[PDB]
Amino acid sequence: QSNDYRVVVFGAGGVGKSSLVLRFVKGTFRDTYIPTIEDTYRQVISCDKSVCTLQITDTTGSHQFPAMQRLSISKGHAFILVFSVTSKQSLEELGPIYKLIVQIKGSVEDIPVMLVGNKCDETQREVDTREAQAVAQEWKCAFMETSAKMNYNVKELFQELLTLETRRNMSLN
């Protein structure tokens, strides 16, 4: 019997969802020319004095058919909501999915939800760190800034996400 812990990665096109997931799971880059289609990646992790598979779903963002978004949330245990610090529009585009997550799971307080400001290697920002912190405070969720490019806070994101789950004791080690 498999005991998968399922993480779904949401966000607008171009924010770095695929780059975050590939940096974490494979230590590699997103090849621009590979076809844009949902994939799920597997990583073995420690869970409850044993092992389980972390399943990470790299969604296609605004291309994802809404019924498929619903199914992804229903199947998911934890959520990573990625925006680019260079795009205020990308942060705004998380509104609908956050709402649907909270509605389907009943409350933000009952599952791990992480707001992620990716591309924090960039100097021309549209969303300040303090602004993103306020969003997360108002949404009652966690927040982290990352650079997939620089491998900055990439392992830390998944570790913190796993630590937020109170029903299992999970670790990357």
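Note that residue numbering follows the sequence shown and begins at 1.
Mean Cα B factor from the PDB record: higher for 27-35, or higher for 64-72? Per the deposited B-factors, the answer is 27-35.
Please place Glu122 in the lowest, middle or highest third of its chain by C-alpha B factor as given in the entry.
Tercile = lowest for this residue's CA B-factor.
Going by what the PDB entry lists, where does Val7 fall on CA B-factor within its chain: lowest, middle or highest third? CA B-factor rank for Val7: middle third.
**Prompt:** Lowest, middle or highest third of the chain for the C-alpha temperature factor of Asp58?
**Reply:** Middle third - that is where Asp58 ends up once the chain's C-alpha B-factors are sorted.
query = Where does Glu165 sit by CA temperature factor within its chain: lowest, middle or highest third?
reply = Bottom third by C-alpha B-factor.
*Is the Cα B-factor recorded for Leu100 in the lowest, middle or highest third of its chain?*
CA B-factor rank for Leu100: middle third.
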